[PDB]
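Reading through the structure tokens given below for one structure.
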Amino acid sequence: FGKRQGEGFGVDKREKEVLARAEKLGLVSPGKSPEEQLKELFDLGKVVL
Amino acid sequence: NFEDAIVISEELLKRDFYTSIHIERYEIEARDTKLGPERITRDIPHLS
Amino acid sequence: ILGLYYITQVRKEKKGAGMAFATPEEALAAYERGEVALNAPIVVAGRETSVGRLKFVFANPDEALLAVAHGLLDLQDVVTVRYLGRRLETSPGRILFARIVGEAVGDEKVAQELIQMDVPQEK
Amino acid sequence: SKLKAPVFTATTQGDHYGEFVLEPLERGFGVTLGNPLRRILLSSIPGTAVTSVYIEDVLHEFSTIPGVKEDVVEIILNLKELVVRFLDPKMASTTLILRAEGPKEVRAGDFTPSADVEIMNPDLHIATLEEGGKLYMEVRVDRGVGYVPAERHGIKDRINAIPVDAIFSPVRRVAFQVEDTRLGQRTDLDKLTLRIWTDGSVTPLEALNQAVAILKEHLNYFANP
Amino acid sequence: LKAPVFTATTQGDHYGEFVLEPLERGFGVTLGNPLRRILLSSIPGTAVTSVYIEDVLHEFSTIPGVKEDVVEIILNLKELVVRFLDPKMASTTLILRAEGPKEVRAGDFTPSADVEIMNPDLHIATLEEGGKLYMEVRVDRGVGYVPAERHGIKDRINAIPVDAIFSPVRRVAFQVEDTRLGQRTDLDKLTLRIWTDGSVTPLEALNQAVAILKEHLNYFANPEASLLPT
Amino acid sequence: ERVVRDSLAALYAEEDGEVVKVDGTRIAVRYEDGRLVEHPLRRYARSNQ
Amino acid sequence: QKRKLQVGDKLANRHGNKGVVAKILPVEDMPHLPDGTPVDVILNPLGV
């Protein structure tokens, strides 16, 4: 990610929308920036495709 | 990939990633007969 | 299978307990706004309803679906929608199964018949 | 490279549906093409539908109606299926007046004559009332684009009337599939099949044409300025 | 209905960023994918259609003085890229040569007319005392991935053709950040990466891409065999 | 790594020295004043399968 | 002969998931990550 924000970006509609449900699914810890729901998840060995 | 199948991306063929080399061994035997001996020359009829 | 299930399992959330009611708790114009202003989410416990049960009042199966075209719900939510001839609780996800079955079946009605209209599909 | 131009056929119905078919296609393109088209059919499309609903007697989609058989909520959905079209080139907003009587069966055409606009599906159950059944009906309509939930805009024509869910997206359903046919020693050659279902408004065909043209114009921006 | 502001930000030959700002909802991808598709597959590239080395009869050969082996050789060439500059240029044949003790690397190719070893370096081969070489590799204007058992090459004998890696576009992604502009908030800011190996500019290809799609669009012109059962 | 060594299909050097001649067809070295062996590299030979 | 991959060829992991292939798909399909780079093999879950 340091690579991506460094480029100038940082998650988009596509991704969040995932994380949008990723929480409703409880794999992600609710109440945390989109960005984190990523790491949280990333570390959870998966990610958005 | 159903039941136990798998999908691949042309990508590997591109990088020529999963390629195997294989050498098939062919052989032959010429015997001694009553109708004559079995030679082997670069000469054989009707062959164009 | 796997497939069919997911699109016909529907969801259940918890950030909301004292939800539904035989007589509208306070109101509807309220029950809802209480949603665009946090707390209890779309689908969740209740005695007679969930925000969705009200936020989405769909006419044709179409709509309910045309909805899912835009990130409003995800097939599995419990939305109010009039199928064939009456009002139904079901999900955009369950309904679809039918039509799917239905159409390719020929008679969108006798279909509904055999089907077990409400409950996770399976072997 | 090679490969010739596609064969564009189309098994039309009349007003709704349309099994369009383009054949010749090199791998991938099948999806490429469609998908986005779909994402336009169901997205930005010129059309009209109901935006508000005044019903002399009782305000609240959640109330009761004497004289009437159905209830507000239903008249709503029944009102959606309803579709009208604009004869005036730049008048994005009209008001409609429905008049009830004693024992009858409301019909979509029974709506205030008026010339400038046209009812496209005269029949519709709408409603039906008992003995001496009133039903004035200031039903406001808009020139929309896709789908805008009655809970995003908040309509304000009158004070006791109810806004509703704008379904002014002619494109009511569109599905495809990319099967692959053959043409020579080749068999994995994309074969697209599109199917757009529409109300009696704008023909599926145009549904497409307008789509492309849009997606088209929408490329001229990738220009070189 | 606004009017889009397109962003020109490329720089080097490899890499390029384009960004259309005020875009109506959903279209964020209605575009980012199609082109993405077109690029990653239909972008006119170039590569070594075939090769040739001294006393070599087949791909499965060795040469005294080379730690590689045709394979090691071939797989280092398939990759190499060449700029054609000229449009006329249907095709040409590059050519290299080794002597005494040194190490091989793309840059050693004997330059010519409209050419450019876009990518110098590219360690092509290794050598020590007494190493012959000389290569008559061939290059062509072709499209996409194309195997060696399906094209064959007619360049004298011992011309072990090669697998062609055309589409100069090596990598492509795109972003859809939320956007700031006069209107409602839930809009799209369509951007598209797109890396590029020497052959062309992420841009060009781009311009070639949009046209392509467009081209395919028009196909939806005037229909035929209509009318459906009743 | 070890598997590769006990298999012997990989080529190792008895005593430490340093390589002089090196190509696909051979490898000559000059071990620590222990002469100069020169083991060839079996090139593209058939298995049994 | 060189042999690359051929729809159907056999392959698996040390973890006992033997699995052949049925569809070599173009780098245009091939569900990719967000940063452009696409996967390679799709290994359906079911087989686990």
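Chains: A, B, ... in order of the structure tokens. Residues: from 1 per chain. Ligands: from 1, in order shown.
Summary of the local environment: counting only C-alpha atoms, residues at most 9 Å from residue B:7, other than itself and those fewer than 3 positions away along its chain, are residues 1 of chain B; 20, 21, 22, 23, 24, 25, 30, 40, 41, 42, 43 and 44 of chain G.
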Counting only C-alpha atoms, which residues in chain E sit no more than 9 Å from chain B? For each one, give the nearest pair of atoms and the distance in Å, sorted by chain then residue number, as CSV.
```
residue,atom,partner,partner_atom,distance
E:75,CA,B:16,CA,8.6
E:79,CA,B:15,CA,8.8
E:145,CA,B:14,CA,6.6
E:146,CA,B:14,CA,8.5
E:147,CA,B:13,CA,8.4
E:163,CA,B:14,CA,7.9
E:164,CA,B:14,CA,8.3
E:165,CA,B:14,CA,6.7
```
Could the residues of chain E that have an atom at most 12 Å from chain C be listed as a Markdown table, each with its closest atom pair and the distance in Å to one decimal, counting only C-alpha atoms and ordered by chain and ascending residue number?
```
| residue | atom | partner | partner_atom | distance |
| --- | --- | --- | --- | --- |
| E:25 | CA | C:70 | CA | 9.6 |
| E:26 | CA | C:70 | CA | 8.3 |
| E:27 | CA | C:70 | CA | 11.8 |
| E:186 | CA | C:71 | CA | 11.4 |
```
Write out as CSV the residues of chain C that have any atom within 12 Å of an atom of chain A, one row each with the nearest atom pair and its distance in Å to one decimal, counting only C-alpha atoms, sorted by chain and then rising number.
```
residue,atom,partner,partner_atom,distance
C:11,CA,A:24,CA,9.1
C:12,CA,A:24,CA,9.1
C:13,CA,A:24,CA,7.2
C:14,CA,A:24,CA,9.6
C:15,CA,A:24,CA,10.2
C:38,CA,A:31,CA,11.9
C:41,CA,A:24,CA,9.7
C:42,CA,A:24,CA,11.0
C:43,CA,A:24,CA,10.7
C:44,CA,A:24,CA,11.5
C:70,CA,A:17,CA,11.3
C:71,CA,A:17,CA,8.1
C:72,CA,A:17,CA,10.5
C:73,CA,A:21,CA,10.1
C:74,CA,A:21,CA,9.0
C:76,CA,A:21,CA,11.6
C:77,CA,A:24,CA,11.6
```
Just the selected residues (C-alpha atoms), exported as a PDB file, in the first residue's frame, please.
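And here is the file that came out, again_21.pdb:
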```pdb
ATOM      1  CA  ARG C  11     -29.263 -11.813   5.871  1.00  0.00           C
ATOM      2  CA  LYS C  12     -29.653 -10.984   9.595  1.00  0.00           C
ATOM      3  CA  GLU C  13     -27.935  -7.998  11.313  1.00  0.00           C
ATOM      4  CA  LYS C  14     -27.843  -6.933  14.982  1.00  0.00           C
ATOM      5  CA  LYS C  15     -27.071  -3.237  15.531  1.00  0.00           C
ATOM      6  CA  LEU C  38     -27.400   5.644  12.177  1.00  0.00           C
ATOM      7  CA  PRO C  41     -29.653  -1.312   9.879  1.00  0.00           C
ATOM      8  CA  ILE C  42     -31.989  -2.261   7.045  1.00  0.00           C
ATOM      9  CA  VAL C  43     -32.612  -5.886   7.938  1.00  0.00           C
ATOM     10  CA  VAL C  44     -32.667  -6.822  11.654  1.00  0.00           C
ATOM     11  CA  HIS C  70     -27.357   0.180  -8.300  1.00  0.00           C
ATOM     12  CA  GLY C  71     -25.640  -0.503  -4.967  1.00  0.00           C
ATOM     13  CA  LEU C  72     -28.739  -0.266  -2.842  1.00  0.00           C
ATOM     14  CA  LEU C  73     -29.149  -3.825  -1.549  1.00  0.00           C
ATOM     15  CA  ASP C  74     -27.580  -7.189  -2.255  1.00  0.00           C
ATOM     16  CA  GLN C  76     -30.211 -11.231   0.159  1.00  0.00           C
ATOM     17  CA  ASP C  77     -31.944  -8.348   1.991  1.00  0.00           C
TER      18      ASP C  77
END
```
Q: For residue B:39, list every protein, DNA or RNA residue within 7 Å, evaluated using only C-alpha atoms, and leave out those in the same chain fewer than 2 positions away; present the list as a ChimeraX atom specification.
A: /B:30,37,41
Would you mind exporting the chosen residues as a short mmCIF file (atom, residue, chain, number, x, y, z; two decimals), in the first residue's frame, restricted to C-alpha atoms?
```cif
data_model
loop_
_atom_site.label_atom_id
_atom_site.label_comp_id
_atom_site.auth_asym_id
_atom_site.auth_seq_id
_atom_site.Cartn_x
_atom_site.Cartn_y
_atom_site.Cartn_z
CA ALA B 30 16.78 -56.08 -39.04
CA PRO B 37 18.44 -60.72 -45.12
CA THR B 41 19.40 -48.27 -47.12
#
```
(Q) I'd like the contact shell of residue E:115 - 10 Å cut-off, only C-alpha atoms, skipping same-chain residues fewer than 3 positions apart - returned as a ChimeraX atom specification. (A) /E:82-86,89,92,94,111-112,118
Q. So which residues touch residue A:16 within 12 Å, counting only C-alpha atoms, skipping near sequence neighbours fewer than 6 positions away, as an MDAnalysis selection string?
A. (chainID A and resid 10 22:23 28 32:38 41 47:48) or (chainID C and resid 71) or (chainID E and resid 176:178)
Could you write out the selected residues, including N, CA, C and O atoms, as a PDB file, in the first residue's frame?
```
ATOM      1  N   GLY A  10      -5.802   5.755  -3.386  1.00  0.00           N
ATOM      2  CA  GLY A  10      -6.150   5.212  -2.088  1.00  0.00           C
ATOM      3  C   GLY A  10      -7.558   4.654  -1.978  1.00  0.00           C
ATOM      4  O   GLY A  10      -8.438   5.272  -1.370  1.00  0.00           O
ATOM      5  N   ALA A  22     -18.098  -6.438   3.578  1.00  0.00           N
ATOM      6  CA  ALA A  22     -17.076  -7.179   4.316  1.00  0.00           C
ATOM      7  C   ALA A  22     -17.318  -7.112   5.821  1.00  0.00           C
ATOM      8  O   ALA A  22     -16.963  -8.035   6.562  1.00  0.00           O
ATOM      9  N   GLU A  23     -17.916  -6.006   6.261  1.00  0.00           N
ATOM     10  CA  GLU A  23     -18.215  -5.814   7.674  1.00  0.00           C
ATOM     11  C   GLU A  23     -19.537  -6.489   8.007  1.00  0.00           C
ATOM     12  O   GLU A  23     -19.599  -7.319   8.912  1.00  0.00           O
ATOM     13  N   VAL A  28     -14.519  -8.099   8.853  1.00  0.00           N
ATOM     14  CA  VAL A  28     -13.858  -6.828   9.110  1.00  0.00           C
ATOM     15  C   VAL A  28     -14.384  -6.238  10.411  1.00  0.00           C
ATOM     16  O   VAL A  28     -15.534  -6.473  10.772  1.00  0.00           O
ATOM     17  N   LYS A  32     -14.268   1.589  11.284  1.00  0.00           N
ATOM     18  CA  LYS A  32     -12.870   1.899  11.013  1.00  0.00           C
ATOM     19  C   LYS A  32     -12.736   2.293   9.540  1.00  0.00           C
ATOM     20  O   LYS A  32     -13.312   1.645   8.664  1.00  0.00           O
ATOM     21  N   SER A  33     -11.993   3.370   9.284  1.00  0.00           N
ATOM     22  CA  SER A  33     -11.775   3.895   7.932  1.00  0.00           C
ATOM     23  C   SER A  33     -11.780   2.817   6.856  1.00  0.00           C
ATOM     24  O   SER A  33     -11.485   1.655   7.128  1.00  0.00           O
ATOM     25  N   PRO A  34     -12.108   3.188   5.613  1.00  0.00           N
ATOM     26  CA  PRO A  34     -12.117   2.164   4.570  1.00  0.00           C
ATOM     27  C   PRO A  34     -10.745   1.503   4.562  1.00  0.00           C
ATOM     28  O   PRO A  34     -10.608   0.287   4.748  1.00  0.00           O
ATOM     29  N   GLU A  35      -9.741   2.348   4.367  1.00  0.00           N
ATOM     30  CA  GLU A  35      -8.343   1.958   4.325  1.00  0.00           C
ATOM     31  C   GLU A  35      -8.000   0.801   5.255  1.00  0.00           C
ATOM     32  O   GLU A  35      -7.384  -0.178   4.839  1.00  0.00           O
ATOM     33  N   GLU A  36      -8.396   0.921   6.519  1.00  0.00           N
ATOM     34  CA  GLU A  36      -8.124  -0.107   7.518  1.00  0.00           C
ATOM     35  C   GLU A  36      -8.878  -1.397   7.221  1.00  0.00           C
ATOM     36  O   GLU A  36      -8.294  -2.480   7.224  1.00  0.00           O
ATOM     37  N   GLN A  37     -10.177  -1.281   6.970  1.00  0.00           N
ATOM     38  CA  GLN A  37     -10.975  -2.453   6.673  1.00  0.00           C
ATOM     39  C   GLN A  37     -10.265  -3.245   5.603  1.00  0.00           C
ATOM     40  O   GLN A  37     -10.523  -4.427   5.426  1.00  0.00           O
ATOM     41  N   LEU A  38      -9.371  -2.573   4.884  1.00  0.00           N
ATOM     42  CA  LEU A  38      -8.576  -3.225   3.855  1.00  0.00           C
ATOM     43  C   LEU A  38      -7.523  -4.022   4.637  1.00  0.00           C
ATOM     44  O   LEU A  38      -7.659  -5.234   4.786  1.00  0.00           O
ATOM     45  N   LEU A  41      -8.570  -6.729   6.622  1.00  0.00           N
ATOM     46  CA  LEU A  41      -8.883  -7.806   5.690  1.00  0.00           C
ATOM     47  C   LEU A  41      -7.642  -8.383   5.000  1.00  0.00           C
ATOM     48  O   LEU A  41      -7.444  -9.595   4.973  1.00  0.00           O
ATOM     49  N   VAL A  47      -8.631 -10.243  -0.039  1.00  0.00           N
ATOM     50  CA  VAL A  47      -8.655  -8.895  -0.609  1.00  0.00           C
ATOM     51  C   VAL A  47      -9.720  -8.777  -1.693  1.00  0.00           C
ATOM     52  O   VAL A  47     -10.426  -9.729  -2.005  1.00  0.00           O
ATOM     53  N   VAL A  48      -9.851  -7.592  -2.261  1.00  0.00           N
ATOM     54  CA  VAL A  48     -10.829  -7.399  -3.295  1.00  0.00           C
ATOM     55  C   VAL A  48     -10.213  -7.791  -4.623  1.00  0.00           C
ATOM     56  O   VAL A  48      -9.030  -7.554  -4.860  1.00  0.00           O
TER      57      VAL A  48
ATOM     58  N   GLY C  71     -25.978  -0.065  -6.311  1.00  0.00           N
ATOM     59  CA  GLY C  71     -25.640  -0.503  -4.967  1.00  0.00           C
ATOM     60  C   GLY C  71     -26.561  -0.114  -3.837  1.00  0.00           C
ATOM     61  O   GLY C  71     -26.156   0.580  -2.913  1.00  0.00           O
TER      62      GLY C  71
ATOM     63  N   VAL E 176     -11.041   4.549  -9.681  1.00  0.00           N
ATOM     64  CA  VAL E 176     -12.309   5.246  -9.680  1.00  0.00           C
ATOM     65  C   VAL E 176     -12.505   5.990  -8.371  1.00  0.00           C
ATOM     66  O   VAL E 176     -13.345   5.616  -7.552  1.00  0.00           O
ATOM     67  N   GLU E 177     -11.724   7.048  -8.176  1.00  0.00           N
ATOM     68  CA  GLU E 177     -11.838   7.837  -6.957  1.00  0.00           C
ATOM     69  C   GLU E 177     -13.098   8.702  -6.989  1.00  0.00           C
ATOM     70  O   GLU E 177     -13.562   9.097  -8.059  1.00  0.00           O
ATOM     71  N   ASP E 178     -13.657   8.986  -5.816  1.00  0.00           N
ATOM     72  CA  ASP E 178     -14.845   9.822  -5.740  1.00  0.00           C
ATOM     73  C   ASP E 178     -14.367  11.170  -6.263  1.00  0.00           C
ATOM     74  O   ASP E 178     -13.165  11.455  -6.210  1.00  0.00           O
TER      75      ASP E 178
END
```
Q. Smallest atom-to-atom distance to chain F: which of E:69, E:59, E:17, E:149, using only C-alpha atoms?
A. E:69
Q: With a distance threshold of 7 Å and counting only C-alpha atoms, extract the residues of chain E near chain F and express them as a ChimeraX atom specification.
A: /E:62-69
Could you make a table, as JSON lines, of the residues of chain E that have an atom within 6 Å of an atom of chain D, each with its nearest atom pair and distance in Å to one decimal, counting only C-alpha atoms, in chain and number order?
```
{"residue": "E:30", "atom": "CA", "partner": "D:36", "partner_atom": "CA", "distance": 4.6}
{"residue": "E:34", "atom": "CA", "partner": "D:32", "partner_atom": "CA", "distance": 5.2}
{"residue": "E:223", "atom": "CA", "partner": "D:9", "partner_atom": "CA", "distance": 5.2}
{"residue": "E:224", "atom": "CA", "partner": "D:9", "partner_atom": "CA", "distance": 4.8}
{"residue": "E:225", "atom": "CA", "partner": "D:9", "partner_atom": "CA", "distance": 5.4}
{"residue": "E:226", "atom": "CA", "partner": "D:11", "partner_atom": "CA", "distance": 4.6}
{"residue": "E:227", "atom": "CA", "partner": "D:11", "partner_atom": "CA", "distance": 5.2}
{"residue": "E:228", "atom": "CA", "partner": "D:11", "partner_atom": "CA", "distance": 4.9}
```
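Selecting chain C residues within 12 Å of chain G and counting only C-alpha atoms yields residues 1, 2 and 3 of chain C.
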Q: Show me which bits of chain G are within 8 Å of chain A, counting only C-alpha atoms, as a ChimeraX atom specification.
A: /G:31-34
Output N, CA and C atoms for every residue in the selection just made, as a PDB file, in the first residue's frame.
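What follows is the written file again.pdb:
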```pdb
ATOM      1  N   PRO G  31      -9.638 -12.576 -13.499  1.00  0.00           N
ATOM      2  CA  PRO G  31      -9.816 -11.690 -12.350  1.00  0.00           C
ATOM      3  C   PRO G  31      -8.486 -11.173 -11.864  1.00  0.00           C
ATOM      4  N   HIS G  32      -8.320  -9.866 -11.972  1.00  0.00           N
ATOM      5  CA  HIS G  32      -7.094  -9.208 -11.575  1.00  0.00           C
ATOM      6  C   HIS G  32      -7.270  -8.419 -10.291  1.00  0.00           C
ATOM      7  N   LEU G  33      -6.143  -8.102  -9.661  1.00  0.00           N
ATOM      8  CA  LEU G  33      -6.111  -7.335  -8.422  1.00  0.00           C
ATOM      9  C   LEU G  33      -6.430  -5.891  -8.758  1.00  0.00           C
ATOM     10  N   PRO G  34      -6.403  -4.997  -7.762  1.00  0.00           N
ATOM     11  CA  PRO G  34      -6.709  -3.604  -8.101  1.00  0.00           C
ATOM     12  C   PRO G  34      -5.589  -2.836  -8.826  1.00  0.00           C
TER      13      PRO G  34
END
```
**Q.** Those in stretch 30-171 of chain D with alpha helix (DSSP H) from DSSP, as JSON, numbers by chain
**A.** {"D": [30, 31, 32, 33, 34, 35, 36, 37, 38, 39, 40, 41, 72, 73, 74, 75, 76, 77, 78, 79, 80, 81]}
Keeping only C-alpha atoms, write those residues as a CSV table (one decimal), in the first residue's frame.
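Output contents, as saved in result_15.csv:
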```
chain,number,residue,atom,x,y,z
D,30,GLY,CA,-18.0,-10.6,-26.5
D,31,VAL,CA,-17.9,-9.5,-22.8
D,32,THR,CA,-16.0,-6.3,-23.6
D,33,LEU,CA,-18.8,-5.0,-25.8
D,34,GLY,CA,-21.9,-6.0,-23.9
D,35,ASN,CA,-21.3,-5.6,-20.2
D,36,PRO,CA,-20.7,-1.9,-20.5
D,37,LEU,CA,-23.6,-1.5,-22.9
D,38,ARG,CA,-25.7,-3.2,-20.2
D,39,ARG,CA,-24.3,-0.7,-17.7
D,40,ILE,CA,-25.8,2.0,-19.9
D,41,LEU,CA,-29.1,0.4,-20.9
D,72,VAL,CA,-52.4,3.9,-1.2
D,73,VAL,CA,-49.3,1.7,-1.2
D,74,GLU,CA,-50.8,-0.3,-4.1
D,75,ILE,CA,-52.1,2.6,-6.2
D,76,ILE,CA,-48.4,3.6,-6.0
D,77,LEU,CA,-47.0,0.5,-7.6
D,78,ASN,CA,-49.9,0.4,-10.0
D,79,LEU,CA,-49.0,4.0,-10.8
D,80,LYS,CA,-45.4,3.0,-11.6
D,81,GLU,CA,-46.1,0.4,-14.3
```
Q) What's the 7 Å shell around residue E:51, counting only C-alpha atoms, without same-chain residues fewer than 6 positions away, as a list in words? A) residues 135, 136, 137, 138, 159, 160 and 161 of chain E
